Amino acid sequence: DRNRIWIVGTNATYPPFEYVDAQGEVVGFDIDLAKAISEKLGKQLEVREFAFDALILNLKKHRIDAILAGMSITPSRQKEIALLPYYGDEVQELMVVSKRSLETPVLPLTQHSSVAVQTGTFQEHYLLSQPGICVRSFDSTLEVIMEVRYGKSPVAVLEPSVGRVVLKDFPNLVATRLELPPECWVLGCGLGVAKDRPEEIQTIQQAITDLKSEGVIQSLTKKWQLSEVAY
């Protein structure tokens, strides 16, 4: 045949957006969204995996065509690439996760031997910018959680959207809110596209809007337990 390929770069360590499930398959909200957008584009989807901190550079170098990796729209990133919003609202707080049996009070974070967090993320960067916080940085959300569940780190930091979904499975852990200062606020998730392609940006933009017109993204949010009036 004639098979026009569309390559989406991701980092499948990030449930419920992209992760490896009980069966060893790469699944999630961003993967279903990629499939739905690829149908609108008239293209066959190919998913490729990179380190989360290498997605932007690979996008810019044209090793991939788009990024779908639950990537927060931030001012810093918008200077480098185009981010087309598709899920979520402004983020003004992080979730601190601890065992319910934890004796020391969760806050302040400076008190603990270490705080576990996912690498390359805006929450890691926030933590690292604060004096007195000893940060341990991990590849995946599961690793971050397992570190707390087995007593190796007394606390972890997740984003509120991930925290709400994944802690449904860990009833012995509790969430505590940490407000961010306004300069550290970020927006929702963006589909990354190379910035100097005003054309390709318009077509994916249109694809996103069309799927929302059709109720498709809303149905995927419910499927992946992301539909979230709660903030």
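Quick note: we count residues from 1 along the sequence shown, nothing fancier.
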Per the PDB entry, mean CA B-factor is higher for 130-138 or 103-111, namely for 103-111
For 66-74 versus 40-48, entry-based mean Cα B-factors point to 40-48
Based on the PDB entry, the highest CA temperature factor among the options 193, 187, 166, 57 is that of 166
In terms of its chain's C-alpha B-factors, the third that includes residue 98 is the middle
For residue 87, the third of its chain by CA B-factor is the middle
Temperature factor at the Cα of residue 32, chain-ranked in thirds, falls in the lowest
Quick tally, chain-level thirds of C-alpha B-factors: residue 22 sits in the highest
On the chain's distribution of Cα B-factors, residue 153 falls within the third called highest
